[PDB]
Amino acid sequence: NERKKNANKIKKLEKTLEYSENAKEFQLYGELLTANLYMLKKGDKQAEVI
RNA sequence: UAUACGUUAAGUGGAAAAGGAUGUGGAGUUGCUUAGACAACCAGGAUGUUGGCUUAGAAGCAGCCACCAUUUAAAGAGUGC
């Protein structure tokens, strides 16, 4: 049990894990806005980026 | 509407506590202190260093160790914004 049990629960961990990262996307762009922190409005959605 | 010496001002006097309080007057103790104190005002309040760690960035000021040394009148690897 404990062998197969936790083998199952831990491949299950991995299975559930692979999906979401959602961090460096928008991290690098927060850095971009910090860089271009002089062309901004508080009232926009879009950006222009390099 | 006595005499003399001080008190309080709250009408306490003339209703009461915990607790509060730069209230008050009295004594007394004790460091600063007319080479001038304290305050105010004026001048400065710097350097390696943004101390290093970590942090995307932590740059006195997210958090961890450090908290040194120098110009020095003295300025903290920073007291708070």
# chains A, B, ... in the order shown; residues from 1 in each chain; ligands from 1
>>> closest_atom_pairs(of="chain A", to="chain B", cutoff="9 Å", atoms="only C-alpha atoms (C1' of nucleotides)", output="tab-separated table")
residue	atom	partner	partner_atom	distance
A:27	CA	B:56	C1'	7.6
A:28	CA	B:56	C1'	8.3
A:30	CA	B:56	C1'	8.7
A:31	CA	B:56	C1'	7.2
>>> residues_around(residues="region 7-15 of chain B", least_positions_apart="5", cutoff="12 Å", atoms="only C-alpha atoms (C1' of nucleotides)", output="PyMOL selection string")
chain B and resi 23-26
>>> write_last_selection(atoms="N, CA, C and O atoms (P, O5', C5', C4', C3', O3' and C1' of nucleotides)", output="PDB file, in the first residue's frame")
ATOM      1  P     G B  23       0.918  69.573  36.930  1.00  0.00           P
ATOM      2  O5'   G B  23      -0.107  70.691  37.402  1.00  0.00           O
ATOM      3  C5'   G B  23      -0.743  71.534  36.457  1.00  0.00           C
ATOM      4  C4'   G B  23      -1.666  72.511  37.135  1.00  0.00           C
ATOM      5  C3'   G B  23      -1.002  73.419  38.155  1.00  0.00           C
ATOM      6  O3'   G B  23      -0.492  74.588  37.541  1.00  0.00           O
ATOM      7  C1'   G B  23      -2.923  72.411  39.112  1.00  0.00           C
ATOM      8  P     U B  24       0.587  75.505  38.289  1.00  0.00           P
ATOM      9  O5'   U B  24      -0.148  75.929  39.631  1.00  0.00           O
ATOM     10  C5'   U B  24       0.601  76.316  40.765  1.00  0.00           C
ATOM     11  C4'   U B  24      -0.232  76.248  42.009  1.00  0.00           C
ATOM     12  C3'   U B  24       0.533  76.041  43.301  1.00  0.00           C
ATOM     13  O3'   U B  24       1.102  77.232  43.798  1.00  0.00           O
ATOM     14  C1'   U B  24      -1.201  74.486  43.209  1.00  0.00           C
ATOM     15  P     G B  25       2.460  77.797  43.159  1.00  0.00           P
ATOM     16  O5'   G B  25       3.326  78.169  44.435  1.00  0.00           O
ATOM     17  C5'   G B  25       2.769  79.001  45.439  1.00  0.00           C
ATOM     18  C4'   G B  25       2.693  78.303  46.770  1.00  0.00           C
ATOM     19  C3'   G B  25       3.976  77.668  47.253  1.00  0.00           C
ATOM     20  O3'   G B  25       4.926  78.605  47.719  1.00  0.00           O
ATOM     21  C1'   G B  25       2.172  76.212  47.673  1.00  0.00           C
ATOM     22  P     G B  26       6.491  78.258  47.638  1.00  0.00           P
ATOM     23  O5'   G B  26       6.691  77.209  48.815  1.00  0.00           O
ATOM     24  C5'   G B  26       6.321  77.561  50.135  1.00  0.00           C
ATOM     25  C4'   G B  26       6.202  76.355  51.028  1.00  0.00           C
ATOM     26  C3'   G B  26       7.483  75.584  51.269  1.00  0.00           C
ATOM     27  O3'   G B  26       8.263  76.173  52.292  1.00  0.00           O
ATOM     28  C1'   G B  26       5.701  74.086  50.817  1.00  0.00           C
TER      29        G B  26
END
>>> atom_distance(atom1="CA of residue 24 (chain A)", atom2="CA of residue 45 (chain A)")
18.4 Å
>>> closest_residue(among="B:81, B:19, B:39, B:64", to="residue 52 (chain B)", atoms="only C-alpha atoms (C1' of nucleotides)")
B:64
>>> atom_distance(atom1="CA of residue 36 (chain A)", atom2="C1' of residue 59 (chain B)")
19.8 Å
>>> select_by_dssp(residues="chain A", states="helix (DSSP H, G or I)", output="ChimeraX atom specification")
/A:2-17,24-35
>>> residues_around(residues="residue 32 (chain A)", least_positions_apart="3", cutoff="10 Å", atoms="only C-alpha atoms (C1' of nucleotides)", output="VMD selection string")
chain A and resid 26 to 29 35 to 37 47 to 50
>>> closest_residue(among="B:35, B:18, B:68, B:73", to="residue 48 (chain B)", atoms="only C-alpha atoms (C1' of nucleotides)")
B:68
>>> residues_around(residues="residue 61 (chain B)", least_positions_apart="4", cutoff="12 Å", atoms="only C-alpha atoms (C1' of nucleotides)", output="PDB file with N, CA, C and O atoms (P, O5', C5', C4', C3', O3' and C1' of nucleotides), in the first residue's frame")
ATOM      1  P     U B  50      26.113  55.180  -1.337  1.00  0.00           P
ATOM      2  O5'   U B  50      24.671  54.609  -1.696  1.00  0.00           O
ATOM      3  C5'   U B  50      23.615  54.661  -0.748  1.00  0.00           C
ATOM      4  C4'   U B  50      23.054  53.293  -0.452  1.00  0.00           C
ATOM      5  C3'   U B  50      24.073  52.197  -0.190  1.00  0.00           C
ATOM      6  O3'   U B  50      23.490  51.250   0.703  1.00  0.00           O
ATOM      7  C1'   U B  50      22.774  51.587  -2.028  1.00  0.00           C
ATOM      8  P     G B  76      27.429  58.627  11.079  1.00  0.00           P
ATOM      9  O5'   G B  76      27.275  57.918  12.507  1.00  0.00           O
ATOM     10  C5'   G B  76      26.135  58.076  13.348  1.00  0.00           C
ATOM     11  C4'   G B  76      25.313  56.818  13.446  1.00  0.00           C
ATOM     12  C3'   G B  76      25.489  55.839  12.286  1.00  0.00           C
ATOM     13  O3'   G B  76      26.378  54.790  12.618  1.00  0.00           O
ATOM     14  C1'   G B  76      23.253  56.582  12.372  1.00  0.00           C
ATOM     15  P     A B  77      27.645  54.465  11.690  1.00  0.00           P
ATOM     16  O5'   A B  77      26.992  53.921  10.345  1.00  0.00           O
ATOM     17  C5'   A B  77      26.001  52.908  10.385  1.00  0.00           C
ATOM     18  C4'   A B  77      25.437  52.627   9.019  1.00  0.00           C
ATOM     19  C3'   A B  77      24.302  51.609   9.000  1.00  0.00           C
ATOM     20  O3'   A B  77      23.022  52.182   9.137  1.00  0.00           O
ATOM     21  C1'   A B  77      26.011  50.885   7.552  1.00  0.00           C
ATOM     22  P     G B  78      21.731  51.234   9.041  1.00  0.00           P
ATOM     23  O5'   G B  78      20.765  51.767  10.186  1.00  0.00           O
ATOM     24  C5'   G B  78      21.274  52.299  11.405  1.00  0.00           C
ATOM     25  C4'   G B  78      20.745  53.687  11.637  1.00  0.00           C
ATOM     26  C3'   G B  78      19.291  53.885  11.210  1.00  0.00           C
ATOM     27  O3'   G B  78      18.633  54.757  12.120  1.00  0.00           O
ATOM     28  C1'   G B  78      20.661  55.412  10.066  1.00  0.00           C
ATOM     29  P     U B  79      18.005  54.152  13.467  1.00  0.00           P
ATOM     30  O5'   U B  79      17.734  55.432  14.367  1.00  0.00           O
ATOM     31  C5'   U B  79      16.904  55.337  15.510  1.00  0.00           C
ATOM     32  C4'   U B  79      15.669  56.182  15.365  1.00  0.00           C
ATOM     33  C3'   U B  79      14.817  55.914  14.140  1.00  0.00           C
ATOM     34  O3'   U B  79      14.007  54.759  14.243  1.00  0.00           O
ATOM     35  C1'   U B  79      15.109  58.228  14.373  1.00  0.00           C
ATOM     36  P     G B  80      13.426  54.071  12.911  1.00  0.00           P
ATOM     37  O5'   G B  80      12.284  55.070  12.441  1.00  0.00           O
ATOM     38  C5'   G B  80      11.183  55.347  13.287  1.00  0.00           C
ATOM     39  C4'   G B  80      10.437  56.571  12.835  1.00  0.00           C
ATOM     40  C3'   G B  80       9.790  56.469  11.469  1.00  0.00           C
ATOM     41  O3'   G B  80       8.562  55.769  11.503  1.00  0.00           O
ATOM     42  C1'   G B  80      10.930  58.527  11.645  1.00  0.00           C
ATOM     43  P     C B  81       7.760  55.505  10.143  1.00  0.00           P
ATOM     44  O5'   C B  81       7.201  56.943   9.755  1.00  0.00           O
ATOM     45  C5'   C B  81       6.742  57.193   8.442  1.00  0.00           C
ATOM     46  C4'   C B  81       6.702  58.662   8.121  1.00  0.00           C
ATOM     47  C3'   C B  81       6.434  58.963   6.659  1.00  0.00           C
ATOM     48  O3'   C B  81       5.052  58.960   6.358  1.00  0.00           O
ATOM     49  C1'   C B  81       8.336  60.172   7.363  1.00  0.00           C
TER      50        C B  81
END
>>> atom_distance(atom1="CA of residue 34 (chain A)", atom2="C1' of residue 60 (chain B)")
23.0 Å
>>> decode(residues="chain A", atoms="C-alpha atoms", output="PDB file, in the first residue's frame")
ATOM      1  CA  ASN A   1       0.000   0.000   0.000  1.00  0.00           C
ATOM      2  CA  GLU A   2       2.252   2.761   1.313  1.00  0.00           C
ATOM      3  CA  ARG A   3       4.593   2.212  -1.631  1.00  0.00           C
ATOM      4  CA  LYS A   4       1.920   2.234  -4.345  1.00  0.00           C
ATOM      5  CA  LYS A   5      -0.241   4.611  -2.303  1.00  0.00           C
ATOM      6  CA  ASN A   6       2.233   7.421  -2.198  1.00  0.00           C
ATOM      7  CA  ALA A   7       3.602   6.649  -5.642  1.00  0.00           C
ATOM      8  CA  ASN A   8       0.039   7.300  -6.809  1.00  0.00           C
ATOM      9  CA  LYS A   9      -0.461  10.396  -4.689  1.00  0.00           C
ATOM     10  CA  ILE A  10       2.828  11.848  -5.887  1.00  0.00           C
ATOM     11  CA  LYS A  11       2.353  11.213  -9.576  1.00  0.00           C
ATOM     12  CA  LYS A  12      -1.003  12.809  -8.747  1.00  0.00           C
ATOM     13  CA  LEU A  13       0.860  15.799  -7.275  1.00  0.00           C
ATOM     14  CA  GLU A  14       2.868  16.044 -10.498  1.00  0.00           C
ATOM     15  CA  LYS A  15      -0.235  15.632 -12.669  1.00  0.00           C
ATOM     16  CA  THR A  16      -1.959  18.493 -10.867  1.00  0.00           C
ATOM     17  CA  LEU A  17       1.310  20.441 -10.912  1.00  0.00           C
ATOM     18  CA  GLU A  18       2.135  20.720 -14.607  1.00  0.00           C
ATOM     19  CA  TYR A  19      -0.602  23.224 -15.467  1.00  0.00           C
ATOM     20  CA  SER A  20       0.009  26.710 -14.100  1.00  0.00           C
ATOM     21  CA  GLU A  21       3.063  28.970 -13.887  1.00  0.00           C
ATOM     22  CA  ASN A  22       1.499  32.426 -14.491  1.00  0.00           C
ATOM     23  CA  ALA A  23       4.465  34.247 -12.916  1.00  0.00           C
ATOM     24  CA  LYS A  24       7.257  35.351 -15.256  1.00  0.00           C
ATOM     25  CA  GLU A  25       4.666  36.357 -17.766  1.00  0.00           C
ATOM     26  CA  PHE A  26       3.669  39.702 -16.253  1.00  0.00           C
ATOM     27  CA  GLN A  27       6.843  39.638 -14.107  1.00  0.00           C
ATOM     28  CA  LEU A  28       9.048  40.685 -16.991  1.00  0.00           C
ATOM     29  CA  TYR A  29       6.344  43.142 -18.027  1.00  0.00           C
ATOM     30  CA  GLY A  30       6.208  44.658 -14.560  1.00  0.00           C
ATOM     31  CA  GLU A  31       9.923  45.183 -15.064  1.00  0.00           C
ATOM     32  CA  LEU A  32       9.082  46.720 -18.445  1.00  0.00           C
ATOM     33  CA  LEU A  33       6.631  49.163 -16.894  1.00  0.00           C
ATOM     34  CA  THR A  34       9.152  49.982 -14.178  1.00  0.00           C
ATOM     35  CA  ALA A  35      11.490  50.810 -17.055  1.00  0.00           C
ATOM     36  CA  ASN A  36       8.875  52.776 -19.019  1.00  0.00           C
ATOM     37  CA  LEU A  37       7.494  54.342 -15.854  1.00  0.00           C
ATOM     38  CA  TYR A  38       7.128  57.738 -17.577  1.00  0.00           C
ATOM     39  CA  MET A  39       4.635  56.994 -20.389  1.00  0.00           C
ATOM     40  CA  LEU A  40       1.814  55.578 -18.285  1.00  0.00           C
ATOM     41  CA  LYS A  41      -1.631  56.713 -17.211  1.00  0.00           C
ATOM     42  CA  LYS A  42      -3.249  54.426 -14.504  1.00  0.00           C
ATOM     43  CA  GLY A  43      -6.182  54.129 -16.889  1.00  0.00           C
ATOM     44  CA  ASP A  44      -4.977  51.829 -19.638  1.00  0.00           C
ATOM     45  CA  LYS A  45      -4.988  48.125 -20.454  1.00  0.00           C
ATOM     46  CA  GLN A  46      -2.378  47.874 -23.185  1.00  0.00           C
ATOM     47  CA  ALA A  47       1.375  48.424 -23.357  1.00  0.00           C
ATOM     48  CA  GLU A  48       4.160  48.773 -25.913  1.00  0.00           C
ATOM     49  CA  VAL A  49       7.147  46.601 -25.340  1.00  0.00           C
ATOM     50  CA  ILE A  50      10.705  45.614 -26.145  1.00  0.00           C
TER      51      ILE A  50
END
